[PDB]
Amino acid sequence: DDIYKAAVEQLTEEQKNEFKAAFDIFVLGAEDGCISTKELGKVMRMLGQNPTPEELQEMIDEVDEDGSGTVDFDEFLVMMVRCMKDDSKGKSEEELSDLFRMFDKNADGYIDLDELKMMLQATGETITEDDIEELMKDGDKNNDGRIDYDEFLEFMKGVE
Amino acid sequence: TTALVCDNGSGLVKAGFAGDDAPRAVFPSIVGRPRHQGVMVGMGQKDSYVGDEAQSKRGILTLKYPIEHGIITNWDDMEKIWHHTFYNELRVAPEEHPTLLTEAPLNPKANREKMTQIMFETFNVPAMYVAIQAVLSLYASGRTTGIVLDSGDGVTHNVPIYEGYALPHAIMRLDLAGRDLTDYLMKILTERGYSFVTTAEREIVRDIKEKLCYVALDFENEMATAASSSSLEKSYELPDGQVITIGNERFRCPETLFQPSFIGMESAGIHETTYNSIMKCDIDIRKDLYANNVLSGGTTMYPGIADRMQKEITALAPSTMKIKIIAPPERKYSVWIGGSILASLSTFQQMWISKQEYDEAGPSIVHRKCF
Amino acid sequence: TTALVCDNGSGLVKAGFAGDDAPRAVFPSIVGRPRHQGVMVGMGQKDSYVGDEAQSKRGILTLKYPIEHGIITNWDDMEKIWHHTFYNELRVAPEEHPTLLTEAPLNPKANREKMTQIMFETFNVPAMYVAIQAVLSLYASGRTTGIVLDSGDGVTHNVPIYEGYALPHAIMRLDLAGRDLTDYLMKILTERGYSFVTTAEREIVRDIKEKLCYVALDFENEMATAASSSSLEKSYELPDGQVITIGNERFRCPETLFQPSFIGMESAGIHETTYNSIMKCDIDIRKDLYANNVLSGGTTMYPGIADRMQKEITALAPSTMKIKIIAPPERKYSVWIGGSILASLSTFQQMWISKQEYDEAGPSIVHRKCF
Amino acid sequence: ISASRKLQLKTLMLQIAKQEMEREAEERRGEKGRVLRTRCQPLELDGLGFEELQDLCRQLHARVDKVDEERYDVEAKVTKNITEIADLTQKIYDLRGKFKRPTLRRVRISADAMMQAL
Amino acid sequence: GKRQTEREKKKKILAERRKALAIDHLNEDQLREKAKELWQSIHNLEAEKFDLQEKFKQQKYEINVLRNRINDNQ
Ligand SMILES: Nc1ncnc2c1ncn2[C@@H]1O[C@H](COP(=O)(O)OP(=O)(O)O)[C@@H](O)[C@H]1O
Ligand SMILES: Nc1ncnc2c1ncn2[C@@H]1O[C@H](COP(=O)(O)OP(=O)(O)O)[C@@H](O)[C@H]1O
Ligand SMILES: [Mg+2]
Ligand SMILES: [Mg+2]
């Protein structure tokens, strides 16, 4: 998302103090101002913060579509400050339950790959190959063709 | 709408909607309160596990059947079993479905009246009807005559029927059934060293009886063979290891059916109460009853009983008559299949005990014309 | 407010606020009066150093544990230890915090009643609750079944639990624990020339036991190997130099757990009292207890015990059952982590023994419904 | 495995499903209004006699009694459904507590806070 | 039990709900307005009862879902 400006103007000093401490630790001279994410991860790890390290590494392998390799302030700083849990409200459990019920045209207690595919056709989302297997891992936590509203909730909870 | 064909039984409750081939939900009828203290807090421990749930937590429960011999001895537990059957195993509210219970012959009236009063007041069904457990088993065979021996788990009864006209003076009800065979097997297993005492271990002995025991074609020859060779000793693995070996206890447990003197009962076996039930009938329908002897009920599933019984009756009966024993492979659910067929009939649709009729005459309506 | 999860133990007092991962302050429970005369004036010499302060001045003190085997033998010293724990290691006045003590199974009643009377009269807490030390260790593992062997430093007890229902008739409490292993190690070290006698040098022998001893997978093979090669002799530096070399004393000290005949105790080892505790349980929950054997307590931290115990039980148990031994890396504080989890529960919030209840029924309230 | 694209797809699925539910509930409201108009027929009394009013009051009493009895039954059903919902919610909460509550705690709540002052 | 108590509550509801019935005693406009009001009230009652039917059906489906869940716990 493009919440980069929203993030930089939204951060609380409780985490901005650590952000400025890491700014001092990283930027100490002979800095281009881009601030390499590679050293950023190590510095934040040394700071005692506890994010998930591997996901940011995969993102660095993937994010920055322009292929700079050293992400500018916005995206890498967002991933850094992801230690602050400012999510998209997590929606509501009742809303998602109603959604799952609306999808449950089969009325079998679960929504399978076919109903999800029909929903994607309705919204017109791009054909993705992560399908089926994403339902198998998230929805079919028991591998039985059954997915309740908890797997649906945890599938895209707090998506931003 | 569709009718609910429930069948209380004694040992397994079988239920399902009318018009199908097999009962939808079959589960033991046991209600077991926990007996130990319980230290984990917030574990969500209930006060009584009923049905098939108490066959998995039976290690810390005290299972107790609510139906002793056909009759019902503990009405609160039976009400709990019915409530479970309706709401959790079928998930259909009883306010919108007729029910067809089943009852053994020659049972106390108060049992039947209390059953109908419960069904009409607590569960509030639209209409219920009570049928004798043997006529249904005769329906399922597609016959219209024949003498049916319905050896359930609670009580063994033998109702002869001809051309649709039941003979009320020839019903021979005997109280030896599967439960007494389980107790006798549990009592003779002690001759090798295996002691089962707890009410939970009665289930293990029942499993042993189901999986290993068989009815011997000739008793003395089998007793002599098992005492010389060792070709009969079949082993079985308990729920924790320590396999056991059953010797001549295999065919001695179900032999009690043909010699009730083993468990101290005076009466004659199921091979001779059928012949007595036939001989009480009129002299002109004995050939048809001889030719259409029907077996039903769970306990008649022992491997090799349809031959032992035929041999015994052929020994008793006159040499000219042909003795034939109908033993369908779907013996266990024969009563329920017959119940489904009966509930699916159009001619039967006006025999239900409608609720307004009960409101006008009280629970004693069941003994009246609506039988 | 927050609850204080204290855990008296015997050897290390572990305390901390409810809802954390590790105890805030862990320190030995010893109170040592000075024994020499003392000539410097105005040095500020106190009359009793408790806790971790007396492990640094132990050269001129006579340390004496106030808890012998689970039970408390010296109430004044225990009161002093509690006062230190509340005021100096946590710095929270007890007037504003509930407390959750822990107690071994099968302990004398008077000990528990005196404990609650002290907590309510001297420290004047709002509400306190006493819990069995094994149920907490089962909480910490995140299970709800399993048989937990909590081999502390005072007493080793083995409480089996199924589905949250504790089995009070299958608790096997044995009084061999870490302290007896320390004494036996101190007694077998004399076979090389090293004599430790003073109550201060018992701490040095304890450190030797912690850092060097390990449990042998097979005892006879290790005894044969240590008697031929010299690959086992590990050296250790005393608090003043003069390094010592421990030979086959390394695996002979903790072997006492599996052969209590070494220290003259009659009973069977911790490998066989677990199997006996299982066999007293019902026949249908033995598989689950076999598969979920839990280890806890400090003394179960010997390198290589989770394999020796599994080998022994697999030898004893039937060949079909799977034997699994849960040995979490946070074994030492397992009881306290479980205590924190239990105190943090909402369902448990109404089980505390409120002070007004104690005022109405006296100290004997603890044996009542509020257990 | 893309992430930003995954986030966009999930949030757009949420928004589209919400819009579909809103339009479907609007359709349901329209169908309910149609059913109400049919079964509870619209009543016009412009330039009609008083015997019409008497018949209307009679039919009103009859239909009020029958609908109140039916809604009494439906309310009994709703109360039973609410009781079942509360019980099953309690049971699911107990299951989630058994599976997850022991894992819910404040780890390093103060342990990491105090490092070297001692 | 569970047959007259509920019957008694329903009877009481009918008694309190069915007001006094008197028509030919009054002017035509007043009775016409009152009858229209009662018709609209009972029509709104029908609407509410139908919404309750749909909601309780959905909650019954959710109860089936929770039944499947507790079945998955064993
Ligand atoms: N395959 C089997 N072999 C031998 N005995 C069986 C078998 N199945 C069931 N039984 C016995 O029959 C009993 C079940 O009988 P059932 O027909 O269910 O009684 P009911 O008439 O009460 O339904 C069980 O208790 C068991 O002892
Ligand atoms: N790492 C270790 N290796 C071997 N033994 C240990 C180790 N840590 C502690 N012990 C033994 O365990 C005892 C501490 O046990 P603990 O669990 O604190 O007892 P309590 O149940 O009273 O808290 C010490 O006396 C020591 O003998
Ligand atoms: Mg039967
Ligand atoms: Mg302990």
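Residues numbered from 1 in each chain as written, not as in the entry; some residues may be left out. Chains lettered and ligands numbered in written order. Part of a larger assembly, values for the part shown. Heavy atoms only, no water.

**A word on the arrangement of the chains**
Now for step 1: With seven pairs of chains in contact, the largest contact count belongs to chains D and E.
Now for step 2: The least C-alpha distance between chain A and chain C, which are not in contact, is 16 Å. (Contact = heavy atoms within 4.5 Å.)

**A short note on the sheet that holds strand 5 (residues 61–64) of chain C**
Residues and elements named next belong to chain C.
Now for step 1: A sheet is described by the order of its strands in space; here three strands give the open sequence 4-3-5, paired in antiparallel fashion. Strand pairing shows two members of the sheet lacking a second neighbour, strand 4 (49–50) and strand 5, which therefore form its edges.
Now for step 2: Across two bridges, the pairing between strand 3 (residues 31–34) and strand 4 is antiparallel. Pairing of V31 across the sheet is with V50, part of strand 4.
Now for step 3: Contacts between helix 1 (residues 75–90) and the sheet are confined to strand 3 and strand 4, with strand 3 contributing the most and set at about 105 degrees to the helix. (Pairing = 2+ DSSP bridges. Helix = DSSP H or I, 4+ residues; strand = E, 2+ residues; numbered from the N terminus. Axes fitted to C-alpha atoms, helices over the stretch in contact; angles between N-to-C directions.)

**Re unusual backbone geometry**
Residue and element names in this part refer to chain C.
Now for step 1: We note that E163 has phi near 50 degrees; this positive angle belongs to a residue other than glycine.
Now for step 2: Its place among the elements puts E163 in the loop between strand 9 (156–162) and strand 10 (165–166).
Now for step 3: Judged by its relative accessible area of 24%, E163 is partly exposed. (Buried < 20%, exposed > 50% of the residue type's maximum accessible area, 1.4 Å probe, protein only.)

**Points about the site of ligand 1**
Residue and element names in this part refer to chain B.
Now for step 1: For ligand 1, the set of nearby residues contains 15 residues, the closest of which are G9, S10, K14, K209 and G298.
Now for step 2: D153 is positioned with one of its backbone polar atoms (N or O) 3.4 Å from an oxygen atom of ligand 1.
Now for step 3: One of the backbone nitrogen or oxygen atoms of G298 is found 2.9 Å away from an oxygen atom of ligand 1.
Now for step 4: Summarising the interface, the protein chains cover 91% of the accessible area of ligand 1, which totals 570 Å² for the free molecule.
Now for step 5: Counting residues per element, the shell around ligand 1 draws most heavily on helix 5 (residues 201–212), at three residues.
Now for step 6: Each of domain 1 (4–137 + 333–360) and domain 2 (178–256) gives at least three residues to the shell around ligand 1. (Near = heavy atom within 4 Å. Polar contact = N/O pair within 3.5 Å; in protein donor to acceptor, adjacent residues only side chain to side chain. Areas by Shrake-Rupley, 256 points an atom, 1.4 Å probe, with all protein chains shown as cover. Domains from an automatic or database assignment.)

**A closer look at the site of ligand 2**
All names here are of chain C.
Now for step 1: Around ligand 2 sit 15 residues in total, of which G9, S10, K14, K209 and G298 are the nearest.
Now for step 2: The separation between an oxygen atom of ligand 2 and a polar main-chain atom of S10 is 2.3 Å.
Now for step 3: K209 places a side-chain nitrogen or oxygen 2.3 Å from an oxygen atom of ligand 2.
Now for step 4: Protein contact buries 91% of the 580 Å² of open area that ligand 2 shows by itself.
Now for step 5: For the shell around ligand 2, the element with the most residues is helix 5 (residues 201–212), which contributes three residues.
Now for step 6: The residue inventory of the shell around ligand 2, partitioned by class, reads three nonpolar, six polar and six charged.
Now for step 7: Formed jointly, the shell around ligand 2 draws a minimum of three residues from each of two domains, domain 1 (4–137 + 333–360) and domain 2 (178–256). (Nonpolar A, V, L, I, M, F, W, Y, C, P; charged D, E, K, R; others polar.)

**Some details on the pattern of salt bridges**
Residue and element names in this part refer to chain B.
Now for step 1: All chains considered together, the criterion is met by 64 salt bridges over all chains.
Now for step 2: In this structure, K14 engages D7 in a salt bridge whose closest nitrogen and oxygen atoms are separated by 3.5 Å.
Now for step 3: The exposure class assigned to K14 is buried, which follows from its relative accessible area of 12%.
Now for step 4: Taking relative accessible area as the criterion, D7 reaches 2% and is therefore assigned buried.
Now for step 5: Here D20 makes a salt bridge to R24, at a shortest N to O gap of 3.6 Å.
Now for step 6: For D20, a relative accessible area of 29% corresponds to the partly exposed category.
Now for step 7: When salt bridges that share partners are traced, they join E191, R192, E233, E249 and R252 into one network. (Salt bridge = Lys/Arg side-chain N within 4 Å of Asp/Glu carboxyl O.)

**Brief notes about the nonpolar core**
Side chains of nonpolar character tend, in soluble globular proteins, to be buried together.
Now for step 1: Grouped together as the largest cluster of nonpolar side chains are 51 residues, with contacts concentrated most on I60 of chain B together with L185, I208, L257 and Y290 of chain C.
Now for step 2: Broken down by element, this core gets its largest block of residues, five residues, from helix 4 (residues 178–188) of chain C.
Now for step 3: Core analysis: the second largest hydrophobic core is formed by 43 residues, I208, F258, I285 and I323 of chain B among them. (Core = buried A, V, L, I, M, F, W, Y, C linked by side-chain atoms within 4.5 Å.)

**Focus: the sheet that holds strand 5 (residues 61–64) of chain B**
Residues and elements named next belong to chain B.
Now for step 1: The sheet built from three strands is open, its strands ordered 4-3-5 with antiparallel pairing. Edge strands, defined here as strands with exactly one partner in the open sheet, are strand 4 (49–50) and strand 5.
Now for step 2: This element, helix 1 (residues 75–90), spans strand 3 (31–34) and strand 4 of the sheet and lies at about 105 degrees to strand 3.

**A few points about the pairing of strand 14 (residues 293–296) of chain C**
All names here are of chain C.
Now for step 1: Neither face of strand 14 is open: one carries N293 and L295, the other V294 and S296, and all of them are buried.
Now for step 2: With four bridges connecting them, strand 8 (residues 146–151) and strand 14 associate as parallel partners. Within strand 14, the residue paired with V148 across the bridge is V294.
Now for step 3: In this sheet, strand 15 (residues 325–326) lies alongside strand 14 in parallel orientation, the contact comprising two bridges.

**Considering the interface of chain A and chain D**
Now for step 1: Of the residues lining the interface, 23 residues belong to chain A; the matching set on chain D comes to 19 residues.
Now for step 2: Across the chain A/chain D interface, buried area totals approximately 1800 Å², and carbon plus sulfur atoms make up 67% of it.
Now for step 3: Contact with chain D buries surface across chain A, with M102, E125 and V159 of chain A losing the most and accounting together for 27% of the total.
Now for step 4: Taken together, the connections running from chain A to chain D amount to three salt bridges.
Now for step 5: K6 of chain D is the partner of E134 of chain A in a salt bridge, and the nearest nitrogen-oxygen pair spans 3.8 Å.
Now for step 6: Linking chain A with chain D are three residue pairs in polar contact, by the criterion used here.
Now for step 7: Taken together, the elements giving at least two residues each to the side of chain A that touches chain D come down to helix 4 (53–62), helix 6 (93–103) and helix 7 (113–123) of chain A.
Now for step 8: Grouping the amino acids of the side of chain A that touches chain D by side-chain chemistry returns ten nonpolar, three polar and ten charged. (Buried area = accessible area lost by both parts, 1.4 Å probe.)

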